[PDB]
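Chemist: Below is a structure I'd like to ask you about.
Each value in this text was obtained by applying a stated rule to the coordinates, not by laboratory testing. Backbone-built Cβ (ideal geometry, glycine too); neighbour counts: all protein chains shown.
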Amino acid sequence: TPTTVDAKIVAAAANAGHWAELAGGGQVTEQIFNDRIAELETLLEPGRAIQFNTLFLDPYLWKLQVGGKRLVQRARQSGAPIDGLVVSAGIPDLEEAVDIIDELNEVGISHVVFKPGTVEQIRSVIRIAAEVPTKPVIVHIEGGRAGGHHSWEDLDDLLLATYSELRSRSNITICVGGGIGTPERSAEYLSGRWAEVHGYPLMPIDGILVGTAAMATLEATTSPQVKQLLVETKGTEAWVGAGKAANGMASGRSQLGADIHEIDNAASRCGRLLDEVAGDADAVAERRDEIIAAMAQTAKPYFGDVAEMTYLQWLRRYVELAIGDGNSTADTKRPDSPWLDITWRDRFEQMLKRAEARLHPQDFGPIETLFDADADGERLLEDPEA
Amino acid sequence: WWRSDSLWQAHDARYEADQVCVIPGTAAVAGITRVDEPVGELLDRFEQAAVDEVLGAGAXXXXXXXXXXXXXXXXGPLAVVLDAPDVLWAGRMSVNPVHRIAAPXXXXXXXXXXXXXXXXXXXXXXXXXXXXXXXXXXXXXXXXX
Ligand SMILES: Cc1cc2nc3c(=O)[nH]c(=O)nc-3n(C[C@H](O)[C@H](O)[C@H](O)COP(=O)(O)O)c2cc1C
C-alpha cells in the first residue's frame, strides 16, 4: 500500500525486468487509479508488463472493485499492458473467482493471484485451481512473520502439510514469501532443501516474493528519515510469542482488530501507547491526562480547551496542520501532485464559511457572494494567512 | 481515529518519523541493511547469487551460463511463436492467433521441422509463419487470393 502505490517505483522495478503488483489500497476511484496505469504505461517502456493488487477486506472496496474490475476489463479490452490480478486479505469464493478468471480481460489476466493465510484458505484455492485446470494460478503462501496484514499461522507447518495436495494441480504455481531479504537464505526453499530440517523429503518452490527488503530501495518513495529507521532496525530468527518490541518489531491491531506488523523501534510512541489505550479503555476518563498528553507526543493533537479557544486558534490550527511550509501547498498544487490535500482545503473553507455564518447579524449578502466565486475564492485559498 | 490512514506518512513527509506507523516484517528486517539501494540492484542481487550457487555445484560452468555471455538461446523463432500467448501490435497487447490457428485449423502444416531457418507453420485458416531477416518473424495470413 504505501510502497507500490507510486507509479514511479512499480515502473522502475518493472524496467529492471521484474514482476510487480501495483497497490490498490491507495486508489479510491477508477479515475484516480486510471491515472496511475496511464503514468505506468508512459513510464513503461515498450512491451513491458505489470499486474494489480486488490483487497477483500471491506464491502465498499468490493463494490468499488465492480467498477474496478470493469475498469480492468475496460483497460484490457482497450489492450492495456497490465497482465495480472492479485486478490488480497482473503480468498474469493468459487463463483467470485470464476468471474475474475473468465472476465472479458481474461487473456490479459493470463494468471490469477491468491494469498492464502490458513490451511483452509490454501485448500480453498486448490478448489479454485480444479475449477479451471487450464488457467495458471499463482499461489503466494505468506506468513504472519511477514509485514503488514498479519496472521497466527506458521511459515512451515502450513506449507509442510498442504504441499502434496498443491502439487496435484499443474495450474498451481507455488510461491513462498515472507522474512526473506537475500538470495542465500531463500535458496534452500528453491532447492527444496528447506523441508529436510523437518524430515520431510525435498519440497522445491516455483517463485519467491520480497515485500519488506525493497522498502529501503532508492526508487521507493519512502522518506529519507524513514529509510534510515527501517535500516537500523535489527532483525530476528523465527517469530516469538512474548509481547514486546521484538527486534524493533511489535504487532498491533488495526481498527478492525486484525494485527498489523509495524516498526516499534523506529517509532516506539504510537504502537505502545495504542496498546496502552486499547487495554485501558473503560477508565479512560481517569487516565485522561496521561492519555491526552500521549496523543500530543505522537502528534495526534487534540485542540486547546474547546470553548475557551478563539476562532482564530481553530482556523489557525487547521492551516498549521494541513498546510506544510516546506512543501508549500500553493507550490504543491502546481505540479499537480497526488499528495494534494484539497479536501483539507475544502474542509477549512466549510469552517471559514461557518465562521461568517455564525457571527453575521445582517442578511449575509456581501460576504457569502464574494468568497464563493471560483477566480476570487481560489486566489483567497492559496494564501491561508491572508 | 488513531489507526485510520496511517500508512502514507512514511513517504514524502518532513515530520518526525518516530511518530509514524511504518510497516516492516519481523524476520525480513535482518536482511534490510543497505539504505537507498536501487530496486534493480536488490532484485538482481537475489538472482545473480542464486545463479552462482546453482552454477557452482550442479551446473559447474553450465552450457546455459556460457551460452548467455556468448548470446545463445532457448526457444528460438519457431518456439517463440508457439510459446508467448501475447501478440503485441504497437503498444497494444493481443492474444496469440496461433493458439486459435494451431488446433482449430482443419489442415495444419509445419514445414521443415528440424531445420530452423526454413521452418514454416501454415494452416487452412490461411495463416502462415516464417522467419525473415534473422530475428524478425513473419506471420502471413490470407483471405481468398
Ligand atoms: C508496507 C506493506 C504494505 C503491504 N500491503 C499489502 C497489501 O495491500 N496486500 C497484500 O496482500 N499484502 C500486502 N503486504 C504484504 C506483502 O504483499 C507481502 O506478502 C509481505 O510483505 C512479504 O513478507 P516480507 O516482506 O516480510 O518478506 C504489504 C507489506 C508491507 C510491508
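Chemist: Identify the single condition in (1) away from the ligand (no atom under 15 Å from the Cβ); (2) in contact with a helix residue (DSSP H, G or I) (Cβ under 8 Å, 6 or more places away or on another chain); (3) aliphatic (A, V, I, L, M) that A:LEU230 does not satisfy, given that it satisfies every other one.
Modeler: Only one criterion is unmet by A:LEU230, namely (1).
Chemist: Within the range A:1-41, take every residue that is acidic (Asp, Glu) and in a helix (DSSP H, G or I) and give me the one that is nearest to A:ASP83 (Cα to Cα).
Modeler: The residue in question is A:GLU41.
Chemist: When the residues of the range A:1-28 are filtered to those that are among the hydrophobic types (A, V, I, L, M, F, W, C) and under 16 Å from A:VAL72 (Cα atoms), which remaining residue is farthest from the ligand (Cβ to nearest atom)?
Modeler: Ranking the qualifying residues of the range A:1-28, first place goes to A:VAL28.
Chemist: Which residues, taken from the range A:41-59, are within 18 Å of the chain's Cα centre (by Cα) and away from the ligand (no atom under 16 Å from the Cβ)?
Modeler: A:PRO59
Chemist: So, one more: Checking the conditions here, which among A:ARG354, A:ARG317, A:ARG345, A:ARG379 is within 17 Å of B:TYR15 (Cα to Cα) and part of a helix (DSSP H, G or I)?
Modeler: Just one listed residue meets the conditions, A:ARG317.
Chemist: Report yes if some residue within the range B:97-105 is within 14 Å of chain A (Cβ to nearest Cβ), in contact with a helix residue (DSSP H, G or I) (Cβ under 7 Å, 6 or more places away or on another chain) and on the phi < 0 side of the Ramachandran plot; otherwise report no.
Modeler: yes
Chemist: Pick out the one residue from A:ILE172, A:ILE180, A:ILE205 that is of a type in the set (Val, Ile, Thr), within 15 Å of the ligand (Cβ to nearest atom) and more than 24 Å from the chain's Cα centre (by Cα).
Modeler: One residue alone meets the criteria, A:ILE205.
Chemist: For the list (1) in contact with an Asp or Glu (Cβ under 6 Å, 6 or more places away or on another chain); (2) crowded, with 21+ Cβ neighbours inside 10 Å, I need the number of the one condition that A:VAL86 fails.
Modeler: Tallying (1) in contact with an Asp or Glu (Cβ under 6 Å, 6 or more places away or on another chain); (2) crowded, with 21+ Cβ neighbours inside 10 Å, A:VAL86 fails exactly one: (2).
Chemist: Those residues that are facing another protein chain (nearest Cβ under 7 Å) and surrounded by fewer than 20 Cβ atoms within 10 Å (Cβ to Cβ), I need them from the range A:222-231; list them, please.
Modeler: Correct list: A:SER223, A:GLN225, A:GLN228, A:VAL231.
Chemist: Test of understanding: among B:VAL54, B:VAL29, B:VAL22, B:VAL39, which residue is among the β-branched types (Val, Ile, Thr), without any contact (Cβ under 8 Å) to a residue 24 or more places away in the chain and more than 16 Å from the ligand (Cβ to nearest atom)?
Modeler: B:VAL54
Chemist: For the range A:208-227, give me each residue that is in contact with an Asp or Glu (Cβ under 7 Å, 6 or more places away or on another chain) and more than 16 Å from the ligand (Cβ to nearest atom).
Modeler: Once the filter is applied, which keeps residues that are in contact with an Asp or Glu (Cβ under 7 Å, 6 or more places away or on another chain) and more than 16 Å from the ligand (Cβ to nearest atom), the range A:208-227 yields only A:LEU218.
For every residue, the table says whether it meets (1) in a helix (DSSP H, G or I); (2) touching a residue at least 12 places away in the same chain (Cβ under 8 Å); (3) out of contact with any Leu (no Cβ under 6 Å at 6 or more places or on another chain); (4) of a type in the set (A, V, I, L, M).
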position	(1), (2), (3), (4)
A:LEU202	no, no, yes, yes
A:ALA213	no, yes, yes, yes
A:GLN225	yes, no, yes, no
A:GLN228	yes, no, yes, no
A:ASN265	no, yes, yes, no
A:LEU273	yes, yes, yes, yes
A:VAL277	yes, yes, yes, yes
A:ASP282	no, no, yes, no
A:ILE292	yes, no, yes, yes
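Chemist: Follow-up question, since we're still on this one. Would you pick out the residues in the range A:8-52 that are away from chain B (no Cβ under 11 Å), of a type in the set (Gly, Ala, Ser) and surrounded by fewer than 22 Cβ atoms within 10 Å (Cβ to Cβ)?
Modeler: A:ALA38
Chemist: One residue is enough: does the range B:72-92 have a residue meeting the conditions touching a residue at least 12 places away in the same chain (Cβ under 8 Å) and facing chain A (nearest Cβ under 9 Å)?
Modeler: There is at least one residue in the range B:72-92 that is touching a residue at least 12 places away in the same chain (Cβ under 8 Å) and facing chain A (nearest Cβ under 9 Å).
Chemist: Taking the range A:126-157 only, how many residues are more than 14 Å from the ligand (Cβ to nearest atom), more than 14 Å from chain B (Cβ to nearest Cβ) and touching a residue at least 40 places away in the same chain (Cβ under 8 Å)?
Modeler: Counting residues in the range A:126-157 that are more than 14 Å from the ligand (Cβ to nearest atom), more than 14 Å from chain B (Cβ to nearest Cβ) and touching a residue at least 40 places away in the same chain (Cβ under 8 Å) gives 2.
Chemist: Take the residues in the range A:254-263 that are facing chain B (nearest Cβ under 7 Å) and either polar (S, T, N, Q) or assigned to a loop (DSSP other than H, G, I, E, B) (or both); name whichever of them is surrounded by the fewest Cβ atoms within 10 Å (Cβ to Cβ).
Modeler: If we take residues in the range A:254-263 being facing chain B (nearest Cβ under 7 Å) and either polar (S, T, N, Q) or assigned to a loop (DSSP other than H, G, I, E, B) (or both), then A:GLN255 is surrounded by the fewest Cβ atoms within 10 Å (Cβ to Cβ).
Chemist: So in the range A:183-196, with the set limited to residues that are charged (D, E, K, R) and more than 15 Å from the ligand (Cβ to nearest atom), which one is nearest to the chain's Cα centre (by Cα)?
Modeler: So, considering only residues that are charged (D, E, K, R) and more than 15 Å from the ligand (Cβ to nearest atom), the one nearest to the chain's Cα centre (by Cα) is A:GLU188.
Chemist: Is the range B:6-22 home to any residue that is surrounded by 12 or more Cβ atoms within 10 Å (Cβ to Cβ) and under 18 Å from the mean Cα position of the chain (by Cα)?
Modeler: Checking the range B:6-22: not a single residue is surrounded by 12 or more Cβ atoms within 10 Å (Cβ to Cβ) and under 18 Å from the mean Cα position of the chain (by Cα).
Chemist: Same structure, new question: Exactly one condition in (1) away from the ligand (no atom under 16 Å from the Cβ); (2) closer than 24 Å to A:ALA12 by Cβ is false for B:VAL81; which is it?
Modeler: If we test B:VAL81 against (1) away from the ligand (no atom under 16 Å from the Cβ); (2) closer than 24 Å to A:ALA12 by Cβ, just (2) comes out false.
Chemist: Another question, then. Give all pairs with beta carbons closer than 8 Å in which a residue from the range B:1-19 that is more than 7 Å from chain A (Cβ to nearest Cβ) meets a residue that is of a type in the set (D, E, K, R) and surrounded by 14 or more Cβ atoms within 10 Å (Cβ to Cβ); count only pairs at least 6 apart in sequence or on separate chains.
Modeler: Cβ pairs passing all conditions: B:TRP1/A:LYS300.
Chemist: Kindly indicate the residue of the range A:320-342 that is more than 12 Å from chain B (Cβ to nearest Cβ) and part of a helix (DSSP H, G or I) and also surrounded by the most Cβ atoms within 10 Å (Cβ to Cβ) among those meeting that condition.
Modeler: A:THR329
Chemist: Being more than 7 Å from chain A (Cβ to nearest Cβ) and within 15 Å of the ligand (Cβ to nearest atom): is that true of B:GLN48 here?
Modeler: So B:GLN48 does not fit the description; no.
Chemist: What residue, of A:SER164, A:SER251, is within 11 Å of chain B (Cβ to nearest Cβ) and hydroxyl-bearing (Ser, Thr, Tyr)?
Modeler: Step by step, each of A:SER164, A:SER251 is checked, and only A:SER251 is within 11 Å of chain B (Cβ to nearest Cβ) and hydroxyl-bearing (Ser, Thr, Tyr).
Chemist: Right, here's the next one. Filter the range A:233-253 down to the residues that are within 12 Å of the ligand (Cβ to nearest atom) and in a loop (DSSP other than H, G, I, E, B), then identify the one that is nearest to B:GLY31 (Cα to Cα).
Modeler: A:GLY235
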